[PDB]
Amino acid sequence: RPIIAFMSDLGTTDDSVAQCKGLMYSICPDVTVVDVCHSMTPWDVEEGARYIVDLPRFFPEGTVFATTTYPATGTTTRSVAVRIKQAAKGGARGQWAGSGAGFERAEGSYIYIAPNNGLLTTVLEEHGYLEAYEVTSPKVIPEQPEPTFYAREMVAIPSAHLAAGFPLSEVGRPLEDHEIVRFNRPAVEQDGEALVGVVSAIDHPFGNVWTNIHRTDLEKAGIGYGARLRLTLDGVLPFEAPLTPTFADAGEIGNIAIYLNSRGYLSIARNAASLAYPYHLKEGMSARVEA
């Protein structure tokens, strides 16, 4: 029962994703295409990375992640197809996903195929990989790929072959690690006792604010649940609350919750109210937290 989980910047306002899906069903008749999302900021490889990094543990083993923003479409660039190593635990706590104790996933159980443009940076960081290949075989990509639609040609199409059981090592030549493009992930710096990062994302549609300050950055600073925090956003907007597991811990609706999100990072929200929207808080604003 092959799955392709499909994350793109293609949007859902035209038939672009459907073209890809048509081809996925063409190539892998029995496939299930799962949309991850298609609304990532176009060409923002770091943002795209966020939508795909945590996926493996939730998916059945053998799932192929077709993940693409492809601003280098139509160039001599070729996608990378990698088998990841650890499906990797996640969340505020770091666990296997699912009922009971969760579902453990065997190593080497997921393939990502993406533009070799750094999209997979954090996937590779968090999961490691067992093998990586340049996607060049005309068995898995068009001989004449549409210049402006490498998302389809060099990701959707070959992901469907991979889902169909096309041997990964046959999509093209092995890539050495240095040949896998990566983006530099900005460090959470320590400025005194304070951890200084950025708003990594606004958690739509809630307006929760996610920072790139991980629980590990917090552990590394001696802050666990219950710790009274000052979280300053945008070097202007100050917030103060204990670190709590969840939103309702803030008490009243609208109260500030500082918490660890489901991806494991320091975040801030109002309890059942949007924090980000009324204040127009945005991804990329500084996030400083201090006890």
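Heads up: residue numbers just count along the shown sequence, starting at 1.
For the two regions 107 to 115 and 183 to 191, the entry's Cα B-factors average higher over 183 to 191.
Set 274 to 282 against 16 to 24 and average the Cα temperature factors; 274 to 282 ends up higher. Ranking 87, 120, 140, 151 by Cα temperature factor from the entry places 87 first.
Between the residues 94, 147, 158, 98, the entry's highest C-alpha temperature factor is the one at 94. When the CA B factors of the chain's modelled residues are split into thirds, the value for residue 43 lands in the highest one. Annotation for residue 239: C-alpha temperature factor in the middle third relative to the rest of the modelled chain, per the entry. When the modelled residues of the chain are ordered by their C-alpha B factor, residue 75 lands in the middle third. In the deposited entry, the Cα temperature factor of residue 222 places it in the highest third of its chain's modelled residues.
Among the modelled residues of the chain, residue 136 sits in the lowest third by CA temperature factor in this PDB entry.
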